[PDB]
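Take a look at the structure set out below.
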6 protein chains.
Amino acid sequence: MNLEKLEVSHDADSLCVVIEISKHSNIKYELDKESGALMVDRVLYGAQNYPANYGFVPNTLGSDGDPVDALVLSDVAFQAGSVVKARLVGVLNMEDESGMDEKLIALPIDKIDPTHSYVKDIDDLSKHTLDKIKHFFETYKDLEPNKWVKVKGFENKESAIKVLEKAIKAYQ
Amino acid sequence: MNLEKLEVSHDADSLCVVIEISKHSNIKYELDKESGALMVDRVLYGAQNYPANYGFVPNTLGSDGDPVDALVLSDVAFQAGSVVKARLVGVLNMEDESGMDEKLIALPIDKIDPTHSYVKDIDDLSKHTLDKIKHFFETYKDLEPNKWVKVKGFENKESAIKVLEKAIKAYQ
Amino acid sequence: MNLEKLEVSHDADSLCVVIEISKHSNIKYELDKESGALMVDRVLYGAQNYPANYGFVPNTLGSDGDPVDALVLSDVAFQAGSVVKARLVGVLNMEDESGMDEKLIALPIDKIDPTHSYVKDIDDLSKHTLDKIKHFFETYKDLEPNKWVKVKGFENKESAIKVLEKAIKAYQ
Amino acid sequence: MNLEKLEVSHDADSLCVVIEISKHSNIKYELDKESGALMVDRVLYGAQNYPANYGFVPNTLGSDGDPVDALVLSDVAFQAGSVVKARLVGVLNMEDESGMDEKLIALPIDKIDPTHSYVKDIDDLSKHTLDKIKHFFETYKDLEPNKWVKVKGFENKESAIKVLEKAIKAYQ
Amino acid sequence: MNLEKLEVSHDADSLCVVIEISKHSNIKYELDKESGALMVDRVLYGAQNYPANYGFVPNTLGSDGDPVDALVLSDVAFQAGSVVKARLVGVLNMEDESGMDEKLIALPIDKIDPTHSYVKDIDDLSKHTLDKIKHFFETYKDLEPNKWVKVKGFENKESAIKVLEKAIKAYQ
Amino acid sequence: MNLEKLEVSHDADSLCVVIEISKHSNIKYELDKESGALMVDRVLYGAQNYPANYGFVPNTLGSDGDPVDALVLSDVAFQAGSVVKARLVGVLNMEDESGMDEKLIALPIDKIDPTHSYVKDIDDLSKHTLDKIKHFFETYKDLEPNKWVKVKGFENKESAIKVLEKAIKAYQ
């Protein structure tokens with residue numbers, strides 16, 4: 001694709017998110033800005049698999065040299081490489097070997113899939129949900145040499161929203 | 001099915017193993033001796049999935065009130081409920097909330113699938129392989145309340161063989 | 001002594017390690033660069049004692065503001081303050097209240113003590129050996145207020161080697 | 001020796017205690033009633049060592065099928081096998097894998113060693129003292145398969161005294 | 001009073017329960033069968049207080065030499081000494097220094113107080129409720145010398161019902 | 001109220017203490033500096049209640065970002081929000097999830113209530129008294145998720161005094 005010519009939406013409730021990892025995939029792909037090609041970045045060393053679609057937000061820069069990463073919780077898996085509009089429902093803050101790499105939590109626009117419209121904010125997520133996600137991120141790199149992750153916890157939409165604009169200006 | 005009328009093989013290189021979990025399945029089934037029906041025992045609380053087919057050996061009793069559990073490493077997934085002939089290549093010893101529940105390591109008879117005939121003993125497994133399996137077992141129950149697991153390590157076929165007979169007499 | 005005028009060896013199989021804690025000692029000494037004097041850093045609050053000689057590598061800087069710490073497994077205890085040539089056989093990765101402080105695993109040069117020449121790499125260590133050390137590190141600070149330790153696990157020589165050079169350049 | 005022909009003292013302030021583990025020893029010996037020979041019972045799996053002399057009281061039966069165990073806090077280590085007169089200053093209650101195995105807390109008769117005469121009752125023990133002992137018991141068997149310990153806490157002399165007579169009648 | 005001339009009801013849903021401790025009281029009274037007078041049995045050594053009315057069931061004998069103890073969860077406190085008709089909703093099983101002393105869980109007859117009619121069985125109790133009660137019993141005697149309590153957990157009405165008849169026949 | 005215009009006394013034997021929790025109350029209130037209003041901070045999850053009036057010392061800063069907390073043992077309960085002059089008789093040191101939060105032990109000026117004038121220092125408190133308070137603090141948060149407390153023990157007036165000035169300069 002061509003991120004350059006892609007209408008980007010930065011509305012908390014209409015967020016343009018490029019997917020890189022489809023839910024349940026243990027293969028971590030990674031789009032390369034120039035080619036626009038998916039780069040197989042790494043296979044999960046352990047017997048695990050992403051708890052939800054994972055991607056990143058176009059035209060944003062956060063404390064990690066890369067745009068702010070994001071999750072789009074849903075019952076389906078969006079083909080790695082596809083694009084989807086989501087809404088910020090919260091965010092999972094954590095630090096790892098590089099430093100602070102927060103992870104915005106989100107769902108697709110109801111227009112796309114109203115299955116979980118009711119989840120208006122982070123507290124609207126089952127406990128189990130939050131646990132599996134947290135535990136995942138704090139264990140999906142145990143077997144990776146020279147690589148760790150310390151998961152702080154989740155936060156509400158407002159916080160996320162903040163994290164958002166924060167990285168947005170940090171972009172240009 | 002009817003475990004009662006099933007020819008059981010206890011030859012280390014011809015071991016009759018009833019499967020209960022097909023590779024990659026995050027659903028832990030569990031056959032009930034009387035009904036002969038698969039009982040959904042539990043779904044992985046975490047974003048994980050078995051690293052290889054898991055089942056148990058017929059007519060054997062080990063330190064856990066259940067027949068000795070077993071893994072049948074293979075590139076394919078055997079339909080939960082099916083039966084397969086394997087051969088002991090080792091065993092992963094560990095203890096959990098209940099106590100000592102060793103897990104035999106095995107592959108299907110070459111006649112069935114010669115893909116990995118060359119793996120004559122535990123040392124013939126890729127490091128990664130052993131790591132993924134070990135790590136799995138020592139984290140697949142983190143989120144389960146009142147439930148832990150301490151994985152000791154692996155052992156050679158000989159050790160396994162022992163564990164086997166040990167539980168075999170312990171049966172009748 | 002005078003670390004400044006000490007021939008340092010950074011060959012994985014000829015590593016110059018300054019000892020600070022002799023095996024079995026519950027007294028954690030700590031050399032001070034300027035004075036070159038052993039500083040009693042702290043006495044084990046618990047009823048324990050180091051599983052092997054503990055020291056550090058001269059002229060190296062790791063993620064802890066201090067040179068990469070190291071262990072020199074042997075049957076004898078080297079006088080705290082002495083220097084010894086070891087060889088990297090692995091490394092124990094872990095994180096604590098400060099962050100990531102890996103611990104190189106090593107033995108003295110066979111020329112010095114050929115007792116355990118055969119241990120060419122981490123896997124050549126008795127399970128028990130690895131357990132006592134791991135457990136030790138993950139419990140030797142329970143009683144210490146505002147201080148914790150999360151032991152990840154061990155790794156092979158190669159990994160260690162890497163960890164080494166990594167901190168070596170990080171030095172100058 | 002011959003426990004049978006040994007004048008036993010059951011006075012709280014003149015208690016006959018047979019030692020089986022000298023302070024700092026990581027070797028847990030265990031006298032056999034008939035032979036009267038020290039039986040090496042087990043070596044500490046971890047990098048620890050007893051915080052004080054450990055023994056048991058002759059001709060007493062507690063809830064563990066064995067005479068009530070006891071500690072004899074002192075600055076020295078009494079040769080495993082030796083006998084010593086102590087006085088009850090308290091007791092450390094706890095339960096483990098078998099059940100309830102309380103541990104009397106005591107010191108030798110001042111006549112023998114007046115170093116700590118002032119410690120008339122449990123409260124007279126430094127905090128650190130009590131912590132190290134408690135911690136010890138609740139971690140000296142972590143690495144032991146199928147074996148745990150839950151340490152409740154300590155109690156005053158009166159309590160201990162009770163525990164004593166209780167197991168004393170429970171003897172004959 | 002005169003337990004002897006008191007119409008006793010042993011219907012699971014019309015259980016005659018003599019109160020000895022009113023909810024929130026830290027004073028444990030204890031009726032004496034002959035005098036029919038409340039015996040102050042003991043004051044809570046700790047800064048606690050009963051989570052609900054406590055008493056016992058007339059003309060019943062359980063494994064403790066005393067009638068089966070019982071709780072009558074309600075928003076009010078019944079004057080120690082008074083009698084009340086409850087209904088078994090479950091039971092909290094536990095063991096202590098003496099042995100097995102189960103504690104029936106119950107509420108008063110709706111006719112008396114319909115506030116919690118809807119709680120038809122143990123599961124109908126708020127988590128918090130069950131926690132505070134469990135925790136209470138497993139900590140209300142920490143400071144009591146030579147006295148402990150191991151709380152197993154709760155069970156459904158059916159279980160309780162059983163425990164009931166069990167101790168009822170065990171009476172005469 | 002208005003802490004700002006309140007004559008504060010920092011004399012060990014004339015200590016100005018703002019009460020926030022009246023003895024026996026299970027409701028932990030918490031004055032807010034600006035509003036001067038009692039903030040209901042939290043209700044005891046367990047079946048407990050404070051062993052004595054709890055409050056804090058005005059214009060003081062300790063290692064917890066809050067003024068140094070304090071207890072005013074007395075037979076009566078002072079209306080949460082009221083102010084009272086006490087005298088340091090000791091202090092209970094302890095650490096929790098946050099860190100070191102010592103708790104000054106004190107009584108009201110004899111002029112106010114001479115009932116316990118005789119208690120000149122920590123040793124003058126009944127054992128029971130000290131046990132119930134210690135045990136309380138080390139169990140009043142068991143049921144609280146992500147929250148623990150490690151009670152070291154008590155100390156004499158002198159110690160307390162120290163702790164006082166310490167936090168006093170730490171204020172301005």
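Numbers restart at 1 for each chain; the letters A, B, ... are given by sequence-line order, proteins then strands. Note that these values count all heavy atoms, side chains included, but never hydrogens, waters or copies made by symmetry.
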[X] side-chain N/O to [Y] backbone N/O, donor-acceptor pair under 3.5 Å:
X	Y	answer
D/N146	B/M100	yes
B/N2	B/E4	no
B/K157	B/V91	no
B/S82	B/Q79	yes

Presence of salt bridge, [Y] and [X], under 4.0 angstrom:
X	Y	answer
C/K85	C/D113	no
A/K28	A/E20	no
C/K150	C/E138	no
B/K141	B/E144	no
B/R87	B/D110	yes

Aromatic B/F56 / basic B/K33 pairing, under 6.0 angstrom, 45° off normal: yes
Quick one, B/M1 with B/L6, criterion side chain to side chain contact (heavy atoms under 4.5 Å, CB included). Give me CA distance, side-chain angles, the key distance, then yes/no. CA-CA 9 Å; B/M1 62 202 257; B/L6 177 65; 4.0 Å; yes
Distance from [X] atom [atom1] to [Y] atom [atom2], nearest 0.5 Å?
X	Y	atom1	atom2	result
A/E97	A/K147	CD	NZ	5.5 Å
C/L107	C/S117	CG	OG	9.5 Å
B/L3	B/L31	CG	CG	5.0 Å
D/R42	D/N26	CZ	CG	12.5 Å
C/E102	C/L92	CD	CG	10.0 Å
C/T60	C/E165	OG1	CD	10.0 Å

Do the side chains of [Y] and [X] get nearer than 4.5 Å, heavy atoms only?
X	Y	result
B/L164	B/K166	no
B/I133	B/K103	no
D/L38	D/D32	no
C/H135	C/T139	yes
B/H10	B/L15	yes
C/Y140	C/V149	yes
B/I27	B/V40	yes
B/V57	B/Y171	no

Do other residues, nucleotides or ligands put more than 12 heavy atoms under 6.0 Å from [X] [atom1]?
X	atom1	result
A/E95	CD	yes
B/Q172	CD	yes
C/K162	NZ	no

Go through B/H128 and A/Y45 one step at a time and tell me if the ring-ring contact (aromatic ring centres under 6.0 Å, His included) criterion holds. CA-CA 7 Å; B/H128 197 55; A/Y45 284 35; 5.3 Å; yes
Should the pair C/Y50 and C/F137 be assigned to parallel (<30°), tilted (30 to 60°) or perpendicular (>60°) ring geometry? perpendicular
Indicate the atoms forming the closest heavy-atom contact of [X] with [Y], along with that distance.
X	Y	result
C/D124	C/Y118	OD2-O, 3.7 Å
C/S22	C/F78	CB-O, 3.1 Å
C/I161	C/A12	CG1-CB, 4.4 Å
C/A86	C/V72	CB-CG1, 4.3 Å
B/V8	B/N59	CG1-OD1, 3.8 Å
C/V84	C/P108	CG2-CB, 4.0 Å

Give the C-alpha distance, both sets of side-chain angles, the deciding distance and a yes or no for side chain to side chain contact (heavy atoms under 4.5 Å, CB included) between B/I105 and B/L125. CA-CA 10 Å; B/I105 305 302; B/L125 290 170; 4.2 Å; yes
Determine, step by step, whether C/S74 and C/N53 satisfy the side chain to side chain donor-acceptor pair (under 3.5 Å) criterion, reporting the C-alpha distance in whole Å, the side-chain angles of both residues, the deciding distance to 0.1 Å, and the verdict. CA-CA 8 Å; C/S74 79; C/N53 296 293; 3.3 Å; yes
For a side chain to side chain contact (heavy atoms under 4.5 Å, CB included) check, start with the C-alpha distance between C/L104 and C/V163, then their side-chain angles and the critical distance, and finish with the verdict. CA-CA 8 Å; C/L104 295 180; C/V163 174; 4.2 Å; yes
Please evaluate residues A/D142 and B/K132 with respect to the criterion salt bridge (charged side-chain N to carboxylate O under 4.0 Å, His left out), reporting the C-alpha separation (whole Å), side-chain torsions for both, the decisive distance (0.1 Å), and the verdict. CA-CA 10 Å; A/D142 291 324; B/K132 200 192 294 286; over 6 Å; no
[X]-[Y] side chain donor-acceptor pair, cut-off 3.5 Å:
X	Y	answer
B/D101	B/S63	no
B/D41	B/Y29	no
A/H24	B/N49	no

Quick one: do B/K127 and C/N156 satisfy side chain to side chain contact (heavy atoms under 4.5 Å, CB included)? Show the steps, please. CA-CA 11 Å; B/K127 164 181 178 291; C/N156 59 57; 4.2 Å; yes
